[PDB]
Amino acid sequence: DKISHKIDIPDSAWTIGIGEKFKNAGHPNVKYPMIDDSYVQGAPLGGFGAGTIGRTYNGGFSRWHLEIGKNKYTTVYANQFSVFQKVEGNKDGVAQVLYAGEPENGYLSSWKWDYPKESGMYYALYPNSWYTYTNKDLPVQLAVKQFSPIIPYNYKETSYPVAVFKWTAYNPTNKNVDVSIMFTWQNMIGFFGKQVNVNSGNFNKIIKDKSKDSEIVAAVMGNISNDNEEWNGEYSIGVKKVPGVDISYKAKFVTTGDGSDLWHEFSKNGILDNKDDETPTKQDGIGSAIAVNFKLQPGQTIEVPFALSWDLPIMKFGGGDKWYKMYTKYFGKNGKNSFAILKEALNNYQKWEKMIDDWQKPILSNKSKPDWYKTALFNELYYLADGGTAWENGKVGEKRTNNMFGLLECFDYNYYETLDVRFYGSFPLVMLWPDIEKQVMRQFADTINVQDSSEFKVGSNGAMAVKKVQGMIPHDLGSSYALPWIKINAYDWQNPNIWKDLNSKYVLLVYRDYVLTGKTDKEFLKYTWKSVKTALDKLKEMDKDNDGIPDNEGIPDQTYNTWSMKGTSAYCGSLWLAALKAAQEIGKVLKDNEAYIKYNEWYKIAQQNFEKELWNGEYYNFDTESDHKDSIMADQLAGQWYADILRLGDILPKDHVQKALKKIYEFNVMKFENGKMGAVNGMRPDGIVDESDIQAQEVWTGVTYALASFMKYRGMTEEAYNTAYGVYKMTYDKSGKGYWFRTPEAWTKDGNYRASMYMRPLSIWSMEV
Ligand SMILES: [Ca+2]
């Protein structure tokens, strides 16, 4: 490996061998069907709301999130980079697809598949990833840096449906070598969203944009239809000329054939036919190819950028609503703009790399932080793009000021912005894209007084329940299978209108968003204040025994819904105390004296009673009335965690919080698989896991990272990082279970998982407050 020295990969990049088999991978631990796409994954390409494309560490374009809200795992084999090399003095060169695999059927059988093992590495530090190719049959060593312009405090480039592939080639030998790099792509119009005739009318064109010191050559793969539908649009691939390289292309090869129409050209001398052909296809799949060819002398390096763009302007949800995607603000809505997007990337990618470096540098340059922590911090951000992200720029046929946004809980539980989950998972948004975060919270504020009296059948027990109660915050903002933003509370497994935690979490999120954006946004507090007061006032009505605290009912009524809480619980009770303190503070900011006095009075009574009912001398009891009331809960002081972040001070005595956190480390972490897998949710005082429910026996990855941040804030530095380390190890390490770029909600002691590709572990960013 002589190429690494010619590129700059950070030491904290996650690494794996190209073609590496992983032996220890986990699988779903539930009886019901659950997504398991394997460990062959990678960092995604594409901006927020653009649809994303997962290119895996084996080189394949395999995890397709282009249909917003859906996860489709299938390798499109025509989509590849390939290389040709010929040493000066040899009769023949060699050609090789840079993919560690081969097609299942006989399509593309002429291509050289099965990129060999131990011949290159994949690296990832989101939004960047890299491949290096160090192969005994390829005298010239190659590397590529691939990324999309995902940039904090930038709502423009961050939205773009584009990726850049910056190639570096170096000749460490003492002979001249001819080299070609080829990008192939299938015309994927009709891959989704088209009910019949899936390739019909697809056609490919070549664009040559020649100006001074810019030549770009690109293929635009579109359809002859000018219809404005979810399925229609364009893909483009292309390259920018650099000194010392020539460009060749092939506009049309058949992907549903043996591929030799293209490969006989490339494998001879790395130079394509330059054949244009705009003939539309009928049943056959078609694709395009863009190549560069160059000669490298001994010791010579060259850099050449390729790009990929996709203009699919309309997203459609299962309930029928069609919306324009955010990037259409910058490029248009007609679906004929892929070249414009590609050109912007090829002319500006160096600027974008520097913008990414500028945001990563403060963390990467901090030598007090271990590299593993940086690995997790950056790579967990994959989910912001990969989580079915929806970001609208108008309803099809509709202009408003704001652009609604949603991130999925996950794909198995296909709900947008699940409130309980975003209480943990929304840290990167408030910290790095706060205008999005505040928009999402205004969306929630708008729902507070919505009433929908129609009943639905509750999944868990078959009871009928009211859809949406006035004054109760919704569980979620809809599903991609239905009507995101329009039809809320798509979730039906339980009834969230009786939950005792959501209204408090909502209030805490509001005050968080004010505090973490500088305590200056009084207009945001003004917009949300009525909903805050409503939320707390409705919760107060659920105090049955008049101790000042809403009562858990011993039936599903908070996020740990099968792990029953009854009476006053540490979890809901602490969240309540913190929400009351937050609302007092908002009251002072907005000069709402009567609110300040009321919530101060409620707070004083509740705090007193919480302490008497639950403090046992070592930790806070799980609750007052369950059979498992003395369980040590990892999340017992979630309200105090958020109070630290919101700078609300002590809601509980410092000494008791310290004892509680120490107990949690001692038990839930260190007595669970030797502290190497995170914090199990529930443990009995005898040191054995609470077996009263499956949820108690799970580590929740996002709960564990949040607990680590709480420990960190309280000065328990070793315990904080040791606690978080288990989650990193399980996710990314060779000794873990192979969950990179699909971090799940939970695992059990065997390492097997529930709900891969989950929002909650974005909570690692609470460690950066
Ligand atoms: Ca009560």
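Indexing begins at 1, ligand by ligand and atom by atom, following the structure's order. The figures that follow rest on heavy atoms only: side chains count, while hydrogens, waters and symmetry mates do not. Numbering of residues begins at 1 and proceeds along the displayed sequence.
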- Message: For a 4.5 angstrom cut-off between non-hydrogen side-chain atoms, does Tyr424 reach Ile764?
- Response: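 The answer is no; the side chains never approach within 4.5 Å.
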- Matching residue for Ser426 among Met759, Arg512, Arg760 - test: side-chain contact (heavy atoms from CB on, under 4.5 Å):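 That would be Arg512.
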- Query: Cut-off 3.5 Å, side chains only: do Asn681 and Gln695 have a donor facing an acceptor?
  - Reply: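 On atom types as modelled, these side chains do not qualify, holding no pair under 3.5 Å.
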- Please test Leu539 against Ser504 for side chain to side chain contact (heavy atoms under 4.5 Å, CB included), starting from the C-alpha separation and ending with a verdict. CA-CA 8 Å; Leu539 228 43; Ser504 292; 3.2 Å; yes
- Could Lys438 and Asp513 be called an ion pair, given the rule that one side-chain N must be under 4.0 Å from one carboxylate O?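 Between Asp513 and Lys438 there is no salt bridge, as every charged N stays at least 4.0 Å from the carboxylate O atoms.
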- Task: Count, excluding waters, the protein N, O or S atoms that are closer to the Ca ion (ligand 1) than 3.0 Å.
- Result: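 Count of protein N, O, S atoms less than 3.0 Å from the Ca ion (ligand 1): 5.
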- Cation-pi, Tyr739 ring and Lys737 (6.0 angstrom, 45 degrees):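 No cation-pi geometry.
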